[PDB]
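What follows is one chain in C-alpha coordinates, specifically the form deposited in one PDB entry.
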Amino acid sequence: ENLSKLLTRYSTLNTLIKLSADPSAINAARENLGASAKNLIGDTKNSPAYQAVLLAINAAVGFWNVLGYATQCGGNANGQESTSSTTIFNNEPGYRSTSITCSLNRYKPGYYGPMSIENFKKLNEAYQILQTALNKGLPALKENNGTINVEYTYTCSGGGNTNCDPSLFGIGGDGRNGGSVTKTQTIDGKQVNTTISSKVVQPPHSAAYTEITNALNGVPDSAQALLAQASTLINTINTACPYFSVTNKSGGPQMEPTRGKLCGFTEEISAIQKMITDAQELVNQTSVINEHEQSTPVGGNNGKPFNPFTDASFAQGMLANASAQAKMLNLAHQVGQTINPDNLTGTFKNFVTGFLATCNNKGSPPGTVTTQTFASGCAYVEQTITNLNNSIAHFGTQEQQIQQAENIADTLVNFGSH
(Lines give C-alpha, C1' and ligand atoms only; values in the text may rest on other atoms or scores of the structure.)
Protein backbone atom coordinates (compact mmCIF):
# COMPACT_ATOMS: atom_id res chain seq x y z
CA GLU A 1 0.00 0.00 0.00
CA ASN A 2 1.83 2.92 1.49
CA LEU A 3 5.32 3.69 2.59
CA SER A 4 5.11 3.37 6.34
CA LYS A 5 4.16 -0.27 6.09
CA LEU A 6 6.82 -0.82 3.51
CA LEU A 7 9.56 0.63 5.78
CA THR A 8 8.27 -1.33 8.77
CA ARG A 9 9.33 -4.42 6.89
CA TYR A 10 12.52 -3.07 5.27
CA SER A 11 14.35 -0.70 7.60
CA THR A 12 17.58 -0.57 5.74
CA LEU A 13 15.44 1.08 3.08
CA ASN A 14 14.32 3.68 5.50
CA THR A 15 17.89 4.37 6.33
CA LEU A 16 18.69 4.55 2.63
CA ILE A 17 16.10 7.25 2.10
CA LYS A 18 17.34 9.27 5.06
CA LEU A 19 20.80 9.22 3.56
CA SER A 20 19.63 10.08 0.09
CA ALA A 21 18.13 13.23 1.45
CA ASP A 22 21.28 14.40 3.24
CA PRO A 23 23.91 16.14 1.20
CA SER A 24 26.69 15.36 3.62
CA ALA A 25 25.94 11.60 3.48
CA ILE A 26 25.86 11.82 -0.28
CA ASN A 27 29.16 13.75 -0.31
CA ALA A 28 30.72 11.18 2.01
CA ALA A 29 29.72 8.40 -0.37
CA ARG A 30 31.10 10.43 -3.26
CA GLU A 31 34.41 10.81 -1.36
CA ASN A 32 34.48 7.05 -0.76
CA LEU A 33 34.09 6.54 -4.51
CA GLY A 34 37.06 8.79 -5.14
CA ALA A 35 39.17 6.71 -2.75
CA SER A 36 38.08 3.29 -3.96
CA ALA A 37 38.64 4.31 -7.56
CA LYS A 38 42.16 5.22 -6.53
CA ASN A 39 42.56 1.81 -4.87
CA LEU A 40 41.43 0.12 -8.14
CA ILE A 41 43.08 2.14 -10.90
CA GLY A 42 45.84 4.11 -9.18
CA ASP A 43 47.28 1.44 -6.83
CA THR A 44 49.15 -1.80 -7.71
CA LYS A 45 49.61 -4.30 -4.82
CA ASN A 46 46.32 -3.38 -3.22
CA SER A 47 44.25 -3.38 -6.43
CA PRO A 48 42.24 -6.48 -7.23
CA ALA A 49 42.00 -5.10 -10.70
CA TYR A 50 45.74 -4.77 -11.09
CA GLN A 51 46.25 -8.34 -9.75
CA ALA A 52 43.65 -9.79 -12.06
CA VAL A 53 45.20 -8.19 -15.06
CA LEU A 54 48.52 -9.46 -13.90
CA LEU A 55 47.15 -13.01 -13.44
CA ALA A 56 45.63 -13.15 -16.86
CA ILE A 57 48.93 -12.16 -18.43
CA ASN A 58 50.97 -14.40 -16.27
CA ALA A 59 48.76 -17.39 -17.10
CA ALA A 60 49.39 -16.91 -20.84
CA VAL A 61 53.10 -16.46 -20.51
CA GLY A 62 53.24 -19.48 -18.23
CA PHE A 63 51.29 -21.73 -20.58
CA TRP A 64 54.03 -21.12 -23.18
CA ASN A 65 56.91 -21.64 -20.75
CA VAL A 66 55.36 -25.00 -19.87
CA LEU A 67 54.96 -26.29 -23.45
CA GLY A 68 57.04 -24.03 -25.65
CA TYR A 69 60.08 -26.36 -25.55
CA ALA A 70 58.09 -29.31 -26.89
CA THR A 71 56.45 -27.45 -29.73
CA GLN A 72 57.61 -28.32 -33.25
CA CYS A 73 58.57 -25.51 -35.56
CA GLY A 74 60.40 -25.17 -38.81
CA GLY A 75 60.42 -24.39 -42.48
CA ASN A 76 61.07 -21.33 -44.55
CA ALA A 77 59.79 -17.77 -44.79
CA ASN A 78 57.16 -18.77 -47.30
CA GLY A 79 55.57 -21.07 -44.60
CA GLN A 80 56.65 -24.20 -46.58
CA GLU A 81 58.78 -27.28 -45.76
CA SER A 82 62.53 -26.59 -45.48
CA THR A 83 65.34 -28.86 -46.53
CA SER A 84 67.87 -27.61 -44.01
CA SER A 85 66.82 -24.59 -42.09
CA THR A 86 67.70 -24.00 -38.47
CA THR A 87 66.13 -20.87 -37.04
CA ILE A 88 66.81 -20.17 -33.41
CA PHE A 89 64.97 -17.71 -31.17
CA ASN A 90 66.78 -16.24 -28.18
CA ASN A 91 65.42 -15.63 -24.72
CA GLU A 92 62.83 -18.37 -25.15
CA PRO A 93 62.30 -21.36 -22.81
CA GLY A 94 63.80 -24.28 -24.69
CA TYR A 95 64.90 -27.77 -23.61
CA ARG A 96 67.83 -27.05 -21.31
CA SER A 97 68.20 -23.80 -23.20
CA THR A 98 67.52 -20.12 -23.13
CA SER A 99 66.68 -20.42 -26.83
CA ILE A 100 64.16 -22.39 -28.89
CA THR A 101 65.35 -24.10 -32.07
CA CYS A 102 63.07 -24.43 -34.94
CA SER A 103 64.71 -26.95 -37.17
CA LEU A 104 62.05 -29.46 -38.13
CA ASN A 105 62.76 -29.93 -41.81
CA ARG A 106 60.83 -31.77 -44.58
CA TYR A 107 57.53 -31.71 -42.67
CA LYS A 108 55.00 -29.11 -43.78
CA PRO A 109 54.17 -26.31 -41.37
CA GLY A 110 50.50 -26.14 -40.47
CA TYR A 111 47.85 -27.60 -38.21
CA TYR A 112 49.12 -30.67 -36.29
CA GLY A 113 52.48 -30.01 -37.85
CA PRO A 114 55.41 -27.70 -37.13
CA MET A 115 54.54 -24.09 -36.48
CA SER A 116 55.64 -21.90 -39.37
CA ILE A 117 58.33 -19.37 -38.72
CA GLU A 118 55.93 -16.52 -39.55
CA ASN A 119 53.70 -17.67 -36.76
CA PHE A 120 56.59 -18.27 -34.38
CA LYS A 121 57.83 -14.68 -35.01
CA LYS A 122 54.40 -13.32 -33.98
CA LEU A 123 54.37 -15.52 -30.92
CA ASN A 124 57.95 -14.61 -30.03
CA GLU A 125 57.53 -10.83 -30.35
CA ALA A 126 54.53 -10.99 -28.04
CA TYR A 127 56.41 -13.18 -25.51
CA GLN A 128 59.38 -10.80 -25.47
CA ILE A 129 57.21 -7.79 -24.96
CA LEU A 130 55.29 -9.42 -22.13
CA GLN A 131 58.40 -10.71 -20.45
CA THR A 132 60.19 -7.38 -20.62
CA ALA A 133 57.09 -5.82 -19.14
CA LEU A 134 56.69 -8.29 -16.32
CA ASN A 135 60.38 -7.84 -15.47
CA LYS A 136 59.99 -4.05 -15.19
CA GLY A 137 56.64 -4.12 -13.32
CA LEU A 138 53.22 -3.45 -14.74
CA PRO A 139 51.97 0.02 -14.22
CA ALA A 140 48.73 0.94 -12.55
CA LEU A 141 45.59 0.68 -14.67
CA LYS A 142 45.11 4.45 -14.99
CA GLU A 143 48.61 4.91 -16.35
CA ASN A 144 48.35 4.27 -20.02
CA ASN A 145 50.93 6.40 -21.93
CA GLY A 146 53.86 4.51 -20.50
CA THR A 147 56.34 2.83 -22.82
CA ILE A 148 59.16 0.35 -22.74
CA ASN A 149 62.03 -0.69 -24.85
CA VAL A 150 62.16 -4.25 -26.03
CA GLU A 151 65.04 -5.89 -27.82
CA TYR A 152 65.32 -9.45 -29.09
CA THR A 153 67.39 -11.53 -31.45
CA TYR A 154 67.18 -14.61 -33.57
CA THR A 155 69.47 -16.53 -35.97
CA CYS A 156 69.18 -18.45 -39.21
CA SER A 157 71.55 -21.12 -40.46
CA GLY A 158 71.51 -23.88 -43.09
CA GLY A 159 71.45 -23.67 -46.87
CA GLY A 160 68.09 -22.56 -48.26
CA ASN A 161 67.10 -20.75 -45.09
CA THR A 162 65.22 -17.63 -46.01
CA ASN A 163 63.95 -16.53 -42.60
CA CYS A 164 66.56 -13.75 -42.21
CA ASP A 165 66.65 -12.46 -45.77
CA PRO A 166 67.07 -8.70 -45.80
CA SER A 167 64.01 -8.14 -48.02
CA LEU A 168 61.79 -9.37 -45.20
CA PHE A 169 62.75 -6.33 -43.23
CA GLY A 170 63.23 -3.71 -45.92
CA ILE A 171 67.01 -3.90 -45.91
CA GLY A 172 68.97 -3.45 -49.12
CA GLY A 173 69.27 -6.52 -51.33
CA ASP A 174 72.59 -7.06 -49.71
CA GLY A 175 72.53 -5.80 -47.09
CA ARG A 176 72.54 -8.82 -44.80
CA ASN A 177 75.91 -8.16 -43.30
CA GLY A 178 75.77 -4.84 -41.43
CA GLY A 179 72.51 -3.55 -42.88
CA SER A 180 69.95 -1.79 -40.72
CA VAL A 181 66.51 -0.24 -41.12
CA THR A 182 64.48 2.09 -38.83
CA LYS A 183 60.78 2.23 -39.50
CA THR A 184 57.54 2.90 -37.55
CA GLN A 185 55.31 0.01 -36.62
CA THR A 186 51.86 0.36 -35.19
CA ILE A 187 51.23 -1.54 -31.92
CA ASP A 188 47.78 -1.07 -30.24
CA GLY A 189 47.22 2.13 -32.29
CA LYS A 190 50.47 3.73 -30.96
CA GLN A 191 53.57 4.60 -33.08
CA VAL A 192 56.62 2.59 -32.19
CA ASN A 193 60.11 3.15 -33.56
CA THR A 194 61.63 -0.11 -34.65
CA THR A 195 65.18 -0.82 -35.65
CA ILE A 196 66.01 -4.06 -37.34
CA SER A 197 69.64 -5.03 -38.00
CA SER A 198 71.46 -7.92 -39.58
CA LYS A 199 74.95 -9.33 -39.36
CA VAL A 200 76.63 -12.45 -40.74
CA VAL A 201 78.77 -14.36 -38.29
CA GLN A 202 81.39 -16.87 -39.50
CA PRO A 203 82.60 -18.67 -36.44
CA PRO A 204 86.05 -20.13 -37.03
CA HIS A 205 85.29 -23.90 -36.82
CA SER A 206 81.56 -24.29 -37.82
CA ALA A 207 78.61 -23.07 -39.98
CA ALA A 208 77.90 -19.43 -40.83
CA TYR A 209 74.72 -17.85 -39.49
CA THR A 210 72.77 -14.65 -39.85
CA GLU A 211 71.71 -12.71 -36.72
CA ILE A 212 68.70 -10.39 -36.73
CA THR A 213 68.28 -7.85 -34.00
CA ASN A 214 64.88 -6.18 -33.34
CA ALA A 215 64.82 -3.04 -31.24
CA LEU A 216 61.41 -1.77 -30.34
CA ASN A 217 61.61 1.65 -28.84
CA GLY A 218 58.41 2.97 -27.23
CA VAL A 219 56.27 -0.20 -27.01
CA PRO A 220 53.17 0.68 -24.84
CA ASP A 221 53.02 -1.04 -21.40
CA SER A 222 49.43 -0.15 -20.57
CA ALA A 223 47.09 -2.86 -19.36
CA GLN A 224 45.06 -2.68 -22.49
CA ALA A 225 48.11 -3.03 -24.74
CA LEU A 226 49.71 -5.86 -22.79
CA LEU A 227 46.50 -7.85 -22.70
CA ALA A 228 46.41 -7.54 -26.49
CA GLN A 229 49.86 -9.12 -26.54
CA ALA A 230 48.79 -11.93 -24.27
CA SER A 231 45.83 -12.52 -26.55
CA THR A 232 48.15 -12.57 -29.55
CA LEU A 233 50.33 -15.14 -27.73
CA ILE A 234 47.60 -17.55 -26.79
CA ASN A 235 45.63 -17.19 -30.00
CA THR A 236 48.68 -17.68 -32.20
CA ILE A 237 49.23 -20.94 -30.36
CA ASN A 238 45.65 -21.99 -30.62
CA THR A 239 45.19 -21.09 -34.26
CA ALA A 240 48.48 -22.52 -35.57
CA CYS A 241 47.73 -25.53 -33.39
CA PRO A 242 51.09 -27.21 -33.93
CA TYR A 243 52.39 -30.70 -33.07
CA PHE A 244 54.08 -31.11 -29.68
CA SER A 245 56.19 -33.88 -28.07
CA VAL A 246 56.88 -33.44 -24.33
CA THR A 247 59.70 -34.89 -22.23
CA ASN A 248 58.74 -36.01 -18.72
CA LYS A 249 61.14 -36.21 -15.80
CA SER A 250 60.74 -39.50 -14.08
CA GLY A 251 58.96 -38.79 -10.78
CA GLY A 252 56.89 -35.76 -9.86
CA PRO A 253 53.74 -34.76 -11.73
CA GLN A 254 53.49 -35.94 -15.38
CA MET A 255 51.90 -34.53 -18.53
CA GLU A 256 49.27 -36.44 -20.48
CA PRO A 257 49.09 -37.07 -23.34
CA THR A 258 52.78 -36.97 -24.29
CA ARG A 259 52.13 -35.81 -27.84
CA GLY A 260 49.57 -34.31 -30.14
CA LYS A 261 48.47 -30.84 -31.09
CA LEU A 262 48.53 -27.83 -28.86
CA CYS A 263 45.02 -26.75 -29.39
CA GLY A 264 44.15 -30.12 -27.82
CA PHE A 265 44.62 -28.41 -24.45
CA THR A 266 41.14 -27.00 -24.86
CA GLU A 267 40.27 -26.17 -21.25
CA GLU A 268 43.64 -24.62 -20.53
CA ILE A 269 43.42 -22.42 -23.61
CA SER A 270 39.72 -21.55 -23.14
CA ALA A 271 40.39 -20.58 -19.51
CA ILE A 272 43.29 -18.31 -20.54
CA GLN A 273 41.21 -16.74 -23.30
CA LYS A 274 38.35 -16.17 -20.84
CA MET A 275 40.69 -14.62 -18.36
CA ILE A 276 42.03 -12.24 -20.95
CA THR A 277 38.57 -11.34 -22.19
CA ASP A 278 37.42 -10.65 -18.60
CA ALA A 279 40.52 -8.62 -17.85
CA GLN A 280 39.91 -6.54 -21.00
CA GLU A 281 36.28 -5.90 -20.00
CA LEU A 282 37.54 -4.88 -16.63
CA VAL A 283 40.16 -2.54 -18.00
CA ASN A 284 37.48 -0.92 -20.14
CA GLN A 285 35.69 0.26 -16.98
CA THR A 286 38.64 2.57 -16.34
CA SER A 287 37.30 5.21 -18.78
CA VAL A 288 33.81 5.08 -17.29
CA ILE A 289 35.19 5.82 -13.84
CA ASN A 290 37.34 8.75 -15.02
CA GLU A 291 34.58 10.33 -17.00
CA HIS A 292 32.25 10.20 -13.98
CA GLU A 293 34.53 11.44 -11.31
CA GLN A 294 32.85 12.46 -8.05
CA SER A 295 35.21 15.06 -6.63
CA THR A 296 32.71 18.03 -6.96
CA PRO A 297 30.58 18.60 -3.82
CA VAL A 298 26.72 18.72 -4.04
CA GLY A 299 23.90 20.52 -2.22
CA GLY A 300 20.78 22.75 -2.65
CA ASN A 301 21.18 25.90 -4.72
CA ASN A 302 20.63 29.58 -3.65
CA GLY A 303 21.16 28.42 -0.01
CA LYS A 304 17.90 26.43 -0.20
CA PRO A 305 17.56 23.03 1.43
CA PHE A 306 18.67 20.13 -0.73
CA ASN A 307 15.76 18.75 -2.75
CA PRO A 308 16.35 15.10 -3.75
CA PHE A 309 13.72 15.36 -6.49
CA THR A 310 15.23 18.38 -8.41
CA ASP A 311 18.87 18.95 -7.34
CA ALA A 312 20.29 15.49 -8.22
CA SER A 313 21.24 15.56 -11.87
CA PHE A 314 24.67 14.28 -10.68
CA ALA A 315 23.08 10.90 -9.67
CA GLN A 316 23.25 9.27 -13.12
CA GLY A 317 27.02 9.75 -13.09
CA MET A 318 27.45 8.72 -9.53
CA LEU A 319 25.52 5.53 -10.33
CA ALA A 320 27.57 4.81 -13.44
CA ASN A 321 30.83 5.37 -11.50
CA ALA A 322 29.86 3.01 -8.68
CA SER A 323 28.41 0.37 -11.06
CA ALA A 324 31.63 0.44 -12.97
CA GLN A 325 33.78 -0.01 -9.88
CA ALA A 326 31.68 -2.94 -8.85
CA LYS A 327 31.97 -4.46 -12.28
CA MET A 328 35.75 -4.16 -12.06
CA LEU A 329 35.76 -5.86 -8.73
CA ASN A 330 33.62 -8.76 -9.96
CA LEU A 331 35.54 -9.36 -13.18
CA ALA A 332 38.71 -9.35 -11.17
CA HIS A 333 37.34 -12.05 -8.91
CA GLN A 334 36.07 -13.92 -12.00
CA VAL A 335 39.54 -13.93 -13.51
CA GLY A 336 40.90 -15.55 -10.43
CA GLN A 337 38.15 -18.13 -10.30
CA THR A 338 38.73 -19.38 -13.82
CA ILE A 339 42.28 -20.52 -12.94
CA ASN A 340 42.21 -21.12 -9.22
CA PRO A 341 43.05 -24.78 -8.53
CA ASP A 342 40.75 -25.11 -5.50
CA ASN A 343 37.77 -25.43 -7.95
CA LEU A 344 39.40 -27.39 -10.84
CA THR A 345 39.41 -31.14 -11.64
CA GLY A 346 40.98 -33.82 -13.78
CA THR A 347 43.72 -32.95 -16.19
CA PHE A 348 43.18 -29.22 -15.94
CA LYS A 349 43.85 -29.21 -12.26
CA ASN A 350 47.01 -31.21 -12.66
CA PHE A 351 48.15 -28.79 -15.39
CA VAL A 352 47.76 -25.76 -13.06
CA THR A 353 49.03 -27.24 -9.75
CA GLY A 354 51.58 -29.51 -11.39
CA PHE A 355 53.05 -27.11 -14.00
CA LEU A 356 51.64 -23.64 -14.43
CA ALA A 357 51.95 -22.62 -10.76
CA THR A 358 55.44 -23.91 -10.29
CA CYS A 359 58.86 -22.71 -11.44
CA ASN A 360 62.14 -24.62 -11.97
CA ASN A 361 64.54 -21.57 -12.26
CA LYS A 362 66.94 -20.50 -9.46
CA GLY A 363 62.60 -16.81 -6.44
CA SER A 364 64.22 -15.24 -9.57
CA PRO A 365 62.65 -11.97 -10.88
CA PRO A 366 59.61 -11.96 -13.14
CA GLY A 367 60.28 -12.41 -16.87
CA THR A 368 63.52 -14.29 -16.38
CA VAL A 369 64.26 -17.09 -18.82
CA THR A 370 66.78 -19.78 -17.85
CA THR A 371 67.94 -23.16 -19.04
CA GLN A 372 65.39 -24.55 -16.52
CA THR A 373 62.39 -22.49 -17.33
CA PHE A 374 60.93 -25.15 -19.62
CA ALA A 375 58.02 -27.37 -18.44
CA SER A 376 57.13 -24.91 -15.69
CA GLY A 377 55.20 -21.67 -15.57
CA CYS A 378 57.78 -19.34 -14.06
CA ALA A 379 55.25 -16.58 -14.09
CA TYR A 380 54.35 -16.28 -10.37
CA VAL A 381 50.90 -17.72 -10.91
CA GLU A 382 50.58 -18.97 -7.31
CA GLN A 383 51.77 -15.72 -5.72
CA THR A 384 49.48 -13.77 -8.08
CA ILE A 385 46.41 -15.84 -7.05
CA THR A 386 47.37 -15.29 -3.43
CA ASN A 387 47.78 -11.58 -3.89
CA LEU A 388 44.55 -11.17 -5.79
CA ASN A 389 42.88 -12.83 -2.90
CA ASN A 390 44.60 -10.76 -0.21
CA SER A 391 43.66 -7.57 -2.11
CA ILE A 392 40.04 -8.64 -2.39
CA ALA A 393 39.91 -9.29 1.37
CA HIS A 394 41.38 -5.86 2.00
CA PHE A 395 38.72 -4.36 -0.24
CA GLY A 396 35.95 -5.30 2.16
CA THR A 397 34.96 -1.84 3.36
CA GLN A 398 35.31 -0.33 -0.07
CA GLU A 399 33.10 -2.89 -1.63
CA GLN A 400 30.39 -2.00 0.91
CA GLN A 401 30.89 1.69 0.28
CA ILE A 402 30.56 1.24 -3.42
CA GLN A 403 27.29 -0.68 -2.89
CA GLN A 404 25.97 2.04 -0.61
CA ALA A 405 26.92 4.66 -3.16
CA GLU A 406 25.26 2.76 -6.00
CA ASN A 407 22.11 2.60 -3.82
CA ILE A 408 22.05 6.21 -2.78
CA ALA A 409 22.43 7.20 -6.42
CA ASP A 410 19.81 4.77 -7.67
CA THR A 411 17.44 6.16 -5.14
CA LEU A 412 18.08 9.75 -6.35
CA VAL A 413 17.79 8.84 -10.00
CA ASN A 414 14.37 7.35 -9.11
CA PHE A 415 13.24 10.41 -7.29
CA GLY A 416 14.74 12.37 -10.18
CA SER A 417 12.65 10.59 -12.87
CA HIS A 418 8.84 11.52 -12.90
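Residues carry their position along the shown sequence, with the first being 1. What we label the rigid core is the largest C-alpha set whose atoms superpose within 1.5 Å from one form to the other.
Below, we refer to the form deposited in another entry, which is not included among the displayed structures.
Once the cores line up, the CA of residue 264 ends up less than 2 angstroms apart between this form and the one not shown. Comparing the forms between this form and the one not shown on their rigid core, the Cα displacement of residue 300 reaches 2 Å or more.
Between residue 6 and residue 310, the Cα spacing is larger in the other form than in the shown form, differing by no less than 3 Å. In the other form, the separation between the C-alpha atoms of residue 28 and residue 301 shrinks by 3 Å or more relative to the displayed form.
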